[PDB]
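Protein chains in written order, with my numbering: chain A, 304 to 712; chain B, 4 to 112; chain C, -16 to 278; chain D, 11 to 356; chain E, 7 to 38. Single-structure report; data block below.
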Amino acid sequence: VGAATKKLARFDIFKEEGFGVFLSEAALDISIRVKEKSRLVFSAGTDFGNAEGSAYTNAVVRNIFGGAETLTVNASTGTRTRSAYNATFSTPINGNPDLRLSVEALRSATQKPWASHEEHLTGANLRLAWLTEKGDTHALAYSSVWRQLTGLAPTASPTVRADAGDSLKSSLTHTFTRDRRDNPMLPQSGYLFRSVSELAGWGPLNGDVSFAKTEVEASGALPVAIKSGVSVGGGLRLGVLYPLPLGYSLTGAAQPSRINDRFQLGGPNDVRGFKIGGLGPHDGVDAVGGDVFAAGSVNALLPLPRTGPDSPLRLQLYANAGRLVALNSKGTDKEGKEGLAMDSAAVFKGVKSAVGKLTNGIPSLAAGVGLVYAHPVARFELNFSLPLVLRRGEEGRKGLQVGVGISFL
Amino acid sequence: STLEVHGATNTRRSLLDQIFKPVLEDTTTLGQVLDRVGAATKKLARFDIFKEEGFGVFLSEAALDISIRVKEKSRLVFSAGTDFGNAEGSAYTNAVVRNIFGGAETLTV
Amino acid sequence: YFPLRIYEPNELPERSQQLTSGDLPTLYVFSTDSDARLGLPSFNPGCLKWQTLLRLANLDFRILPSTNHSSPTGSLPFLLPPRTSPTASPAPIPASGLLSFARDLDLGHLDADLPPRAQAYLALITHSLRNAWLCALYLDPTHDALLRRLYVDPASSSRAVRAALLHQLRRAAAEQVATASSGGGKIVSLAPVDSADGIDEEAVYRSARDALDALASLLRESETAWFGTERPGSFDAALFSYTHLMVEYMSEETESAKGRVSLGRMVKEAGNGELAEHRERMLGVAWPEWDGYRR
Amino acid sequence: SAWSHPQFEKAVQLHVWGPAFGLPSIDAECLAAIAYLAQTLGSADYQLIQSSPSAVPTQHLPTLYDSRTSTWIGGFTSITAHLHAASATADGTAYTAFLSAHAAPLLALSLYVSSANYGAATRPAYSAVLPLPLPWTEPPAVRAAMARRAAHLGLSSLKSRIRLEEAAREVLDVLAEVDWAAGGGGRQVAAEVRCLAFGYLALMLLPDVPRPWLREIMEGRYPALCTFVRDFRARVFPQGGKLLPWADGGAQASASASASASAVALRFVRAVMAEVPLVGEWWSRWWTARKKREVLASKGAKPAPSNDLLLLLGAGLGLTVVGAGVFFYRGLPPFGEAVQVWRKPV
Amino acid sequence: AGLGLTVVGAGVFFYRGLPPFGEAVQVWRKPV
């Protein structure tokens, strides 16, 4: 009945605190109790008079028929155009609370100050998230978006002036996470392999981008010796952005990636000791990303001496690293054809050479010291870092490196 | 000379006029400064449609030339946060439209 | 004093060194890749004017197609100087200073305050002919193939986005034709008349006909194949910007059943055909070698 | 699809705004039309019905309405096209275009963008010529329109005046050499252009305009302009315009037959329905399509029947939103009981 | 239907209510 009750709680429609299992030794006679989570929850607080529209709508219907669930978030600032949608619809496929499907349609308008522009996304994606009994978690999503770039207000750069159109990016991407760490918000003893692949427009997938994005993230952690929360850390990351032809082939012609698709490696969440978008093939001041990259870390996370195994507020002694290169061809005969159509051989040679450049020279090697606070929902770093080695034009940072979030190193 | 009321949007000109047409009517006694404009401004604030903090009175010694500023209080303010699942209905609606035509105002709780 | 080693700035990506390497300044006009390599005239007048003016100023440059979002301002036809350092950019030169950037011998007559009469006549070209072009292109449904294969299909190649872009362009054009009182500023609620149902085309068409006739009559008083001067100046370029595109794209002779002879016929038939010769003679100073015109 | 040219099947009554400035009307296009008719026709035939945008099927004010064929014509240029060496006509066309554009964006800077003026001298004039409930809705639409036309100058209410006087010079220096009303001097232009220029200038000059910058310029640097305006007004509009054949009674009694409480309520409710958050734009588009079809039918042709997809889609979106909002509020009845019991299979 | 319409129309009407009546700057002069 432990398996029964855990499988029951996995439905995410029963309130977490208070279940009860009452065994009446009458003449089994098991009696379970539950609480219901809730039903329709609403909020709509709007303001006006001036530019403020603050339409502020929220809605959650926890259970429509079975496990179904519709989230509907909204906003209207009156300054920004709108966020007219964010509408999810989750429902287990008739078999278990483990295999959960969800369908989401969105229309948001992000912002990217590090490569100065905005980006209007108005797609709608379909997701199918498994969960294996061993703890692993697979997922698989199909997303189709619009990706408009309309904010080149300052002197941005000749790079983004050349990549400021539209796209579709219909893609099919599959994550994977094996979580074996004791405290997910402050790893001390576990390990964490997480692999997120993605195939964009290719073969049956139609669009205007055609790549294959791979993003592997390992981990590690270990307390050594004299409950002594030593907690030696670890980390690593990798990645490649491989362009491909536009249909049902491997050999063809590929157009190099757009700024909408490259990686950006820096900031308090990925490699501390840098701007939010440092460590790139920078152009002027705007941070253009790259395709290949890497990472690293070596932590200590020692607790406050003479204080004891208190709440997890510990000193963080950590080195760091990072590298992020771009797909320069510069190795074949001139295309002859007008511009952006690389044959397969040139793309392969370019990515081989790029990975070759990844292993030439010491990467960046920051440092720091910070007071980690492991809240159950978030983690607060507050580091104070010192970037050792830079490439010219990577926007080093040296003050107080405040950071908040979930993903860290 | 003149009199400017900056920021006083969403309020009829006749409403402010009913107060400020006299303020200029009695303005000899020029050899010194006589500001009954205190009465004007207090009567203005008594409307309860101008935000209380920040009025300003800027006298530009140009060749009176009084310049008043105001802030607007607000317009339609809303809230509707409901809950269900059990006996709780908590329909919780609130609304305030601070200025419909002149000084009008509808509260709806 | 803490960063100990500095290593060779990071080798910009492939797009950003293939498109924007350059050696000579690159003007950004609406065009198609098959054309931009040849420097052939654009298909939007607001950019063909600037391209023609610059080519008259004997500036050496190339044109790359762009998409109206990548400009320091809203409208497109801006310019960028070449890179001086593989990671450093000069300032982007907006549309207004294109002539100031061009400075040879004498670049005064390309930009000089015209006699008052000429500023009165520029109103024809800038508002009457422009509303006529905007209407005939973005609203007349027999020009849907042109509008698509010129402004939409080069964008996205994803029909669900093509449709939205087409609708956006049509709304933004109808809002502009309904402002200038050539057709009419019908007054509706606190929002512009963004549809083809406030833009009655008889007024716009008749205004276009009269504008062309007035210009053709003015050109006959100069006796020097230009508008009063010796070498084509700003006015001739502004005129060409429209009298060409109204010939290459809207000279479809069909028309006899619907009446309302299409623009290119009026353009070539203005006065006694003086605007046609004027265009065919501006092609002969700007593009001394190009052919293929007259459709 | 209501974004294309419309498909087809195979004793005038000049509606204008009210006088409202010491002139026969306002909205210089209207005054131009009324002066042209007063010069051309004779006080026997036309009727000068006072009106409003929502009172006509064209939605465009200086609107003629013939009696013999019952056709609506809008705009000043279309009207003067109706009711009818070469450098004369050439310059006529040139200055007609130059007044319609680049001279109207000035009469907006004054009187519609300068909030010290629109509210002290204009909104009274609009409220003085409209039925009771409307002025809450129509004058703001007119102001938004003239403000949009006033852009493409880059100027708004912000020494921020010398540039304004420069902007005004940049137009009057061209309007000055016209030699408008003279038997000698510069160049003759036309009747229908001279009247248009009078309309525009006389609204540039004659208002009271608490914060004036057009009066000062036009009276300081331009003698011929003010001379022309004053002489024209004193010649064709003696006594401010009481000799013009308005409707049955004159100024106010003109917009009496077309201003029943029902019709005025309809005007108001239409102008406010066009503002609802979601169905507003679609309703406005369907309405404008219907009115354009009506005008086209009146002119003598037969349009395409209709495409009700616009209002159908607007109503469908509104209904979908409200029905989804109401449905989940007290949604479907509950599916599960308080106690559910299983037994041991035997 | 009348009650439903009244409620929804009042709710929609005051949301983006009537156009504003007062300008940013309003100016009086000295009577002469």
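C-beta: ideal position from N, C-alpha, C; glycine also.
For this session: For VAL152/D, name the three-state secondary structure that DSSP assigns.
Result: Note: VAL152/D maps to helix in three-state DSSP.
Problem set entry | Three-state secondary structure assigned by DSSP to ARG132/C | For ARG132/C, the secondary structure class from DSSP, reduced to helix, strand or coil, is helix.
Exercise. What is the DSSP secondary structure of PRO134/D, reduced to helix, strand or coil?
Worked result: helix
Exercise. Taking Cβ-Cβ distances shorter than 7 Å, what residues in chain E pair up with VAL286/D?
Worked result: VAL18
For this session: Taking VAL38/E as the query, report the chain B residues whose CB atoms sit under 7 Å from its CB, ordered along the chain.
Result: Those do not exist, as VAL38/E stays about 11 Å from chain B at its closest Cβ, beyond 7 Å.
For this session: Would you give the residue range spanned by the alpha helix (DSSP H) that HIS9/B belongs to?
Result: Looking at the DSSP string, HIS9/B is not in any alpha helix (DSSP H); the run it does join, the beta strand (DSSP E), is 5 to 9.
For this session: Write down the C-beta distance between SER560/A and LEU508/A rounded to the nearest angstrom, noting that I regard them as a contact closer than 8 Å.
Result: So it is not a contact: roughly 16 Å between Cβ atoms.
Exercise. With 16 other CB atoms within 10 Å as the buried threshold, where does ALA85/C fall?
Worked result: buried
Problem set entry | Interface residues of the segment 346 to 368 of chain A facing chain D [CB-CB below 8 Å] | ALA362, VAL364, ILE367 and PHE368
Exercise. Going along chain D, which residues have a C-beta under 9 Å from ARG72/B?
Worked result: Neighbours of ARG72/B on chain D: none; closest Cβ ~14 Å, over 9 Å.
Exercise. Of the residues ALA467/A, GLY625/A and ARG342/A, which one's Cα is nearest the Cα of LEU342/D?
Worked result: Among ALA467/A, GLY625/A and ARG342/A, the Cα nearest to that of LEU342/D is on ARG342/A.
For this session: State yes or no: is the beta carbon of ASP37/D nearer than 8 Å to at least one beta carbon in chain C?
Result: no
Exercise. For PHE223/C, does the three-state DSSP call read helix, strand or coil?
Worked result: helix
Exercise. Residues of chain A with a CB under 8 Å from the CB of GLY341/D: which are they?
Worked result: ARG342, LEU343, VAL364 and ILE367
Exercise. With 8 Å set as the bound, which would you pick, yes or no: does the beta-carbon of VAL13/E sit closer than that to a beta-carbon of chain D?
Worked result: no
Problem set entry | Exposure label - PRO571/A; buried when at least 16 CB within 10 Å | Taking every protein chain shown into account, the CB of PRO571/A has 16 or more other CB atoms within 10 angstroms, so this residue is buried.
Exercise. Apart from the five residues just before and just after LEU703/A, which ones in its own chain have a Cβ nearer than 8 Å to its Cβ?
Worked result: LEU685, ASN686 and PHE687
Problem set entry | is_contact[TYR105/D, chain C] using C-beta, thresh 8 Å | Chain C, which has a Cβ nearer than 8 Å to the Cβ of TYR105/D, makes this yes.
For this session: Taking only beta-carbon positions, decide if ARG159/D is within less than 8 Å of chain E.
Result: no
For this session: Anything in the segment 292 to 304 of chain D with a Cβ closer than 7 Å to a Cβ of chain C? List those residues in chain order, please.
Result: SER294, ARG295, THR298, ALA299 and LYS302
For this session: Anything in the segment 585 to 603 of chain A with a Cβ closer than 9 Å to a Cβ of chain C? List those residues in chain order, please.
Result: So the list reads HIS585, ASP586, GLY587, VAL591, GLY592, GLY593 and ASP594, given in the order they occur along the chain.
For this session: Spell out a yes or no on whether the segment 268 to 287 of chain D and the segment 141 to 159 of chain D are touching, meaning 3 or more CB-CB pairs, one atom from each, closer than 8 Å.
Result: yes
For this session: Pick out whichever of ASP315/A, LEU618/A, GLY696/A and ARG336/A has its Cα sitting closest to the Cα of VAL351/D.
Result: Selection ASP315/A, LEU618/A, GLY696/A and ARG336/A evaluated against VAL351/D yields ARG336/A as nearest (Cα-Cα).
For this session: Indicate whether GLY28/E and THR14/B have their beta-carbon atoms separated by less than 8 Å.
Result: yes
Exercise. Between which two residues does the alpha helix (DSSP H) carrying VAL512/A extend?
Worked result: First-last for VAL512/A: undefined, no H or E at that position.
For this session: Closer than 9 Å by beta-carbon distance: list the chain B residues that pair up with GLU319/A, in chain order.
Result: Ordered by position in chain B, no residue passes the 9 Å Cβ test against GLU319/A, which lies about 15 Å from the chain.
For this session: Run through the segment 14 to 102 of chain B for me and flag every whole beta strand (DSSP E) of 3 or more residues, listed as ranges in chain order.
Result: 60 to 62, 69 to 72, 80 to 83 and 96 to 100
Exercise. If we ignore side chains and look at the alpha-carbon of each, how far apart do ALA160/D and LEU674/A end up?
Worked result: Computed Cα separation, rounded: 58 Å.
Exercise. Given a threshold of 16 other Cβ atoms within 10 Å of its Cβ, counted over all protein chains shown, does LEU202/C qualify as buried or as exposed?
Worked result: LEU202/C counts as buried, since at least 16 other C-beta atoms from the protein chains shown sit within 10 angstroms of its C-beta.
Exercise. Would the segment 16 to 24 of chain D and the segment 148 to 162 of chain C be scored as touching if the rule is three or more Cβ pairs under 8 Å?
Worked result: no
For this session: Per DSSP, which residues does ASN623/A bridge with? Please list them.
Result: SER600/A.
Exercise. Under 8 Å between the Cβ atoms of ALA194/C and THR90/D?
Worked result: no
For this session: Under 7 Å Cβ to Cβ from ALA677/A, same chain only, skipping five residues before and after it: list those, please.
Result: The answer, listed in chain order, is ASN486, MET488, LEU489 and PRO615.
Exercise. Is the segment 434 to 450 of chain A in contact with the segment 318 to 330 of chain A, if contact means three or more CB pairs nearer than 8 Å?
Worked result: No, they do not touch.
Exercise. To the nearest angstrom, how far is it from the Cα of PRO37/E to the Cα of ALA107/B?
Worked result: 31 Å
Problem set entry | Separation of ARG385/A from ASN353/A, as counted between CA atoms | Cα atoms of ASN353/A and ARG385/A: separation of roughly 16 Å, rounded to the nearest angstrom.
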